Each structure stands twice: as structure tokens, then as C-alpha cells.
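J.: Give me coordinates for this.
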Amino acid sequence: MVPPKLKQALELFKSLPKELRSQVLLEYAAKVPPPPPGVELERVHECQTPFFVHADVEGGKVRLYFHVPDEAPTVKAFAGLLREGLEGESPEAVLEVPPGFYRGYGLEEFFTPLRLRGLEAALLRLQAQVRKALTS
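T.: Residues are numbered from 1 along each chain as shown. What follows is the structure:
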């Protein structure tokens, strides 16, 4: 099931005031460092913008990597929220995460049911990139 680091962010979100929730989603993106030189990110067709993600596990922790060209706030926001409650997590917990772990809160109403389509692909994709790690 979804980890705490995340459940916390979400729980805190649905708990935080909308107005704030907005500023929160922003901060998150602000807390999104760039990937290392070499790593290869896969574009997320599902999403309109050229959103590149890359899930992996080094040692015994997961390593999330996002790349936003237009540095979209709504695109980065999520990308951040993902790592916010995944970065450092396990490759099994990150997989145990459903494609709609933001429904039981108040994120969907933030990134719309459309924008989600793309954001989602992010997880689904990563989750597909993790399976490898398991036996990488």
C-alpha cells in the first residue's frame, strides 16, 4: 500500500487549506532537484508536455528522476509530489502505489481528470521501470 512519506503529503494535503494546497503543490516542484548526468529519462507520451521520468533503485532505496522543459508548475508539482512521497522509498512500495492514489484526497480536483491522465502515466511508467529494478 501507499507509503507514509506520501500518505502524509496527501493526508496533509486533504487537510491543508485549498488556498494553501495550491502553494503547497508549488513548493513541491521547488523541491525537485535535477537528475544526474547520464541517466536516461523516458518521455511520457500520455502527457502533452515532454515529461521525462525514470524510476530506479540504488542499493536499497528508490531513485525518482523528473525533467520538466517548460518547468510547468502543474507538471512539476505532481512530479514533485511523487518523489515527495517516494524519493527514498522502496521499489516495492513505489509499485504498491495505485495509478490513482491522489483520488482519496483532493489532487484530482487540482490537476483535473485530464492533466492526471499524463501525470498518471508517470507512475504507471515508473512502476514499469521499477519491475526491472526488482530483477535488474
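J.: Please count neighbours and contacts with C-alpha atoms only from this point.
T.: Fine.
J.: Distance check, the most centrally placed residue in the chain against residue 96.
T.: The centre of the chain sits closest to residue 82, judged by C-alpha atoms, centre = their mean, with a distance of 2.3 Å. Distance of residue 82 to residue 96, computed by C-alpha to C-alpha, to the nearest Å: 13 Å.
J.: How about residue 108?
T.: 19 Å.
J.: Between the two, point out the one with more neighbours.
T.: residue 108 (16 against 13; other C-alpha atoms under 10 Å).
J.: nearest residue to that one other than its sequence neighbours?
T.: Among residues not flanking residue 108 along the chain, residue 102 sits closest, at 6.2 Å (C-alpha to C-alpha, 6 or more residues apart in numbering).
J.: now residue 56
T.: That would be residue 63: by C-alpha to C-alpha, 6+ apart, it lies 5.1 Å from residue 56.
J.: Sort out which residues of the longest helix belonging to the chain are buried, please.
T.: If each helix of the chain is counted by residues according to DSSP state H, the longest one is helix 113-134. Under the neighbour-count criterion of 16 or more other C-alpha atoms under 10 Å, helix 113-134 has 115-127, 129-130, 133 buried.
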